[PDB]
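> no FASTA, just this:
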């Protein structure tokens, strides 16, 4: 089997992407944030504290003939940005782009933090990292991908994110029409539960490639590209008027600036992030100062190849016995 679903930016900055997912019987369609940096599938629901719901579509288990409470199970997660959610757990039938998993853990939010409430466009998350990060207790549950794997034609999914435009998540096959040239595959470590890999270096603009190992995670659920302070300083030094602002919370630059591209290495291959992808627009409405899409990972504890990086590529998440990551230009 295979599945194929379109993913759409939630706003004009590509802050996140939402993908329609069918839950229950008859189907309840919710728009989820597919997150390769976490491993919980959780939804706004009929159980979510009423005051914490503001425009989201909710899952109502009591209207699904295939829903079953996982009695005694609870979940609680915190994300890198400090947001959080928690609740109890159902199993139900979940379909993504035609691909159906029966008995999927669907984690029903009883509580969500302000950032989730405030985002009316996101009905929940679908985690695609490794199931070892799943937060269900007492017994950890498997991700959609994990559950689907034995059914898939090939044990893969692919992320093809759009710049200011829709893209695609495919399960079980590689669409050889969605990229140019070849896919370069690189080793993954699952030790921390992430799609963790090592880039071979970077270049700024038309500068020479610097060969240096950068360990990081492929994370569709993070907006920006977070890299070591040395790397990030080298980039912004090439932008007239750019500086790091503690009050804004990162590198800023004059909105009129022309930004250089940023190249990262995948083995002996290269992925080029165009300058425009690195412009995340005014720091506040009407400002002539703009926020950078490449920021320092210092203080995060991990480098993160988030949407800014991933949308410049066709990305293969290979969940074979020995997992790998593949990157193609497109």
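Yep, that arrived. Numbering: from 1, shown residues only.

> which SS class is the spatially most central residue of the chain?
Centroid-nearest residue in the chain, with Cα atoms, centre = their mean: residue 220, separated by 1.7 Å. At residue 220 the chain is in coil, as set by DSSP: H, G, I helix; E, B strand; the rest coil.

> what segments of the stretch 151-300 of the chain are helices?
229-236 (DSSP state H, counting those that start in this stretch).

> residues contacting residue 171?
2-4, 96-97, 99, 145, 148, 152, 156-157 (Cβ atoms under 8 Å, 6 or more residues apart in numbering). No exception for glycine: its C-beta is placed from N, CA and C like everyone else's.

> so of the residues you listed, which ones are in strands?
Among the contacts of residue 171, the members falling in strands (DSSP state E) are 3-4, 96, 99, 156-157.

> just checking, the residue nearest to the centre of the chain touches residue 19?
No - the pair residue 220 / residue 19 is not scored as a contact, 10.0 Å apart, by Cβ atoms under 8 Å.

> anything in contact with each of these two?
Common neighbours of residue 220 and residue 19 (Cβ under 8 Å, 6+ apart) are residue 34.

> out of the ones in strands among the contacts of residue 171, who's nearest residue 80?
residue 157 (21.6 Å; Cβ to Cβ).

> run through the bridge partners of the residue lying closest to that closest one once chain neighbours are set aside.
Nearest non-adjacent residue to residue 157, counting by Cβ to Cβ, 6 or more residues apart in numbering: residue 171, 4.6 Å away. Counting by DSSP bridges, residue 171 forms beta bridges with residue 3, residue 157.

> residue 31 too?
residue 20.

> what's the host helix or strand of residue 71 packed up against?
Using DSSP states H and E, residue 71 maps to strand 68-78. The contact analysis (3 or more Cβ pairs under 8 Å, 6 or more residues apart in numbering; DSSP states H and E) places strand 68-78 against strand 84-96.

> the strand it packs on pairs with which strands, parallel or anti?
strand 17-23 (antiparallel), strand 68-78 (antiparallel), strand 99-112 (antiparallel).

> which other residues reach stretch 64-74?
With Cβ under 8 Å, 6+ apart, stretch 64-74 has contacts from 23-26, 28, 61, 86-93, 102, 105-106, 136-139, 141.

> at 7 Å what do you get?
With contacts defined as Cβ atoms under 7 Å, 6 or more residues apart in numbering, stretch 64-74 is touched by 24-25, 28, 61, 88-93, 105, 136-137, 139.
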